[PDB]
Amino acid sequence: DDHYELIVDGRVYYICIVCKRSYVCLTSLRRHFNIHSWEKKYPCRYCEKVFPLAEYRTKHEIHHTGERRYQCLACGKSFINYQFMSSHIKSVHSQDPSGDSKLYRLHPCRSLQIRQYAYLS
DNA sequence: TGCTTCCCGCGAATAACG
DNA sequence: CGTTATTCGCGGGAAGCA
Ligand SMILES: [Cl-]
Ligand SMILES: [Zn+2]
Ligand SMILES: [Zn+2]
Ligand SMILES: [Zn+2]
């Protein structure tokens, strides 16, 4: 297979047979394991690059379109990802967007065709 | 040390299946 | 199709890099 199981305190962990990383969720081990096997490939559809996780490709492709989905609700400035948004809000507004802050809005993705969560509309 | 990308629990969206 | 099985978007802390 691709893993073995470890059980401490009645709680189950799934361990990657290759690098021994531990996962609470089997789906996470599977997602991770592609890094080792390259069974599935996620090539960028704008350049040569190829990724081992679907989400790594998606975040990369947003860099190509230049879409700015993260918007600061205190001043209206928008950002390409959470990290730049969070960094802005902490440094400029001295506030933490963690928890449920209501300090930012994540717009739906319109520059790419990805799965759309209803809660963003 | 400030960008930049990675990581993984969680669960909504959707593909697979019967 | 209903139903369950799979995918992968998301937060936000960690790790990587120059
Ligand atoms: Cl935009
Ligand atoms: Zn591994
Ligand atoms: Zn690319
Ligand atoms: Zn702002």
Side-chain angles (χ1 to χ4, degrees):
Chain A
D1 212 327
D2 61 345
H3 73 282
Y4 56 91
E5 298 180 0
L6 186 127
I7 305 173
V8 204
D9 311 330
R11 188 164 117 112
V12 174
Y13 303 98
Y14 310 90
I15 284 73
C16 174
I17 188 49
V18 168
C19 63
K20 309 290 187 301
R21 272 172 183 271
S22 63
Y23 297 90
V24 169
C25 305
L26 191 47
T27 55
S28 295
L29 182 133
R30 233 100 75 166
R31 180 176 51 190
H32 158 77
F33 198 81
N34 203 48
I35 297 171
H36 302 312
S37 62
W38 279 98
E39 207 151 354
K40 294 185 173 298
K41 303 185 180 60
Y42 305 91
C44 171
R45 274 141 312 182
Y46 303 90
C47 79
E48 296 302 321
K49 279 187 170 66
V50 179
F51 303 85
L53 271 73
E55 69 171 63
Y56 295 176
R57 172 175 66 181
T58 299
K59 299 217 136 281
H60 169 76
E61 283 180 339
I62 276 180
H63 272 87
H64 281 295
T65 68
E67 185 180 5
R68 286 164 171 153
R69 293 176 66 199
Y70 288 79
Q71 184 173 24
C72 170
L73 293 175
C75 76
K77 250 139 199 171
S78 310
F79 304 91
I80 66 177
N81 59 26
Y82 184 102
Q83 290 76 19
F84 288 138
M85 170 282 302
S86 183
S87 174
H88 163 83
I89 289 181
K90 291 180 187 178
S91 69
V92 179
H93 299 299
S94 302
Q95 275 168 280
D96 192 341
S98 304
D100 171 36
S101 61
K102 304 187 303 174
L103 297 181
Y104 73 102
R105 177 175 302 143
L106 175 56
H107 298 287
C109 183
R110 60 182 181 192
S111 68
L112 299 173
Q113 186 173 354
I114 62 164
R115 151 218 298 164
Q116 274 226 355
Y117 288 110
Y119 85 92
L120 300 311
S121 73

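Values below: all heavy atoms of this structure, side chains included; hydrogens, waters and symmetry mates excluded. Proteins get letters first, then strands, A, B, ... in listed order; numbering begins at 1 in each.
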Next on the checklist: I want to confirm an ordering. Mapping A:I62 and A:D96 to their closest nucleotides on DNA chain C, which one lands closer to the 5' end?
Outcome noted: A:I62
Item to check | Whether over 12 other heavy atoms sit under 6.0 Å from A:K20 NZ | outcome: yes
Checklist entry - Between atom CD in A:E67 and atom P in C:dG9, what is the gap in whole Å? => result 13 Å
Next on the checklist: Taking the minimum atom-to-atom distance to the side chain of A:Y117, which one of B:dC7, B:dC10, B:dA12 wins?
Outcome noted: B:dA12
Next on the checklist: Which is more 5' along DNA chain C, the nucleotide nearest A:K90 or the one nearest A:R57? Just name the residue.
Outcome noted: A:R57
Checklist entry - Any side-chain N or O of A:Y56 under 4.0 Å from OP1/OP2 of B:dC7? => result yes
Item to check | C:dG11 phosphate, OP1 or OP2, under 4.0 Å from A:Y70 side-chain N/O | outcome: yes
Checklist outcome for this item: Here the distance between atom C1' of B:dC7 and atom NZ of A:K59, to the nearest Å, is 13 Å
Checklist outcome for this item: Between CZ of A:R31 and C1' of B:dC6 the distance, given in whole Å, is 11 Å
Checklist entry - Atom CG of A:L26 and atom P of B:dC10: how far apart are they, to the nearest Å? => result 14 Å
Checklist entry - Is there a side-chain polar atom (N or O) of A:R69 under 4.0 Å from OP1 or OP2 of C:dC10? => result yes
Item to check | Distance, rounded to the nearest Å, where A:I89 contributes CD1 and C:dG12 contributes P | outcome: 11 Å
Next on the checklist: Between A:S98 and C:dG13, is there a contact of a side-chain N or O with OP1 or OP2 at under 4.0 Å?
Outcome noted: yes
Checklist entry - How would DNA chain C look in dot-bracket form, 5' to 3', counting Watson-Crick and G-U wobble pairs with both distances under 3.5 Å and writing | for bases paired to another strand? => result .|.|||||||||||||||
Next on the checklist: Check this one for me: any side-chain N or O of A:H32 less than 4.0 Å away from OP1 or OP2 of B:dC6?
Outcome noted: no
Next on the checklist: Considering every strand and a 4.0 Å limit on heavy-atom distances, what is the contact class for A:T58: base, sugar-phosphate, or nothing?
Outcome noted: sugar-phosphate
Checklist entry - Are any of A:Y82's side-chain N or O atoms less than 4.0 Å away from OP1 or OP2 of C:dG12? => result yes
Checklist entry - Nearest-Å distance, CZ (A:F33) to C1' (B:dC6)? => result 19 Å
Next on the checklist: Strictly below 4.0 Å: does A:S86 bring a side-chain N or O up to OP1 or OP2 of C:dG12?
Outcome noted: no
Checklist entry - With a non-hydrogen cut-off below 4.0 angstrom, is A:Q116 in contact with a base, only sugar-phosphate, or nothing? => result sugar-phosphate
Checklist entry - Is A:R30 near enough to C:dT6 that one of its side-chain N or O atoms lies under 4.0 angstrom from OP1 or OP2? => result no
Checklist entry - For A:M85 and B:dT4, what is the distance between atoms CE and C1' respectively, to the nearest whole Å? => result 15 Å
Checklist entry - A:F84 CZ to B:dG2 P: how many Å, rounded? => result 13 Å
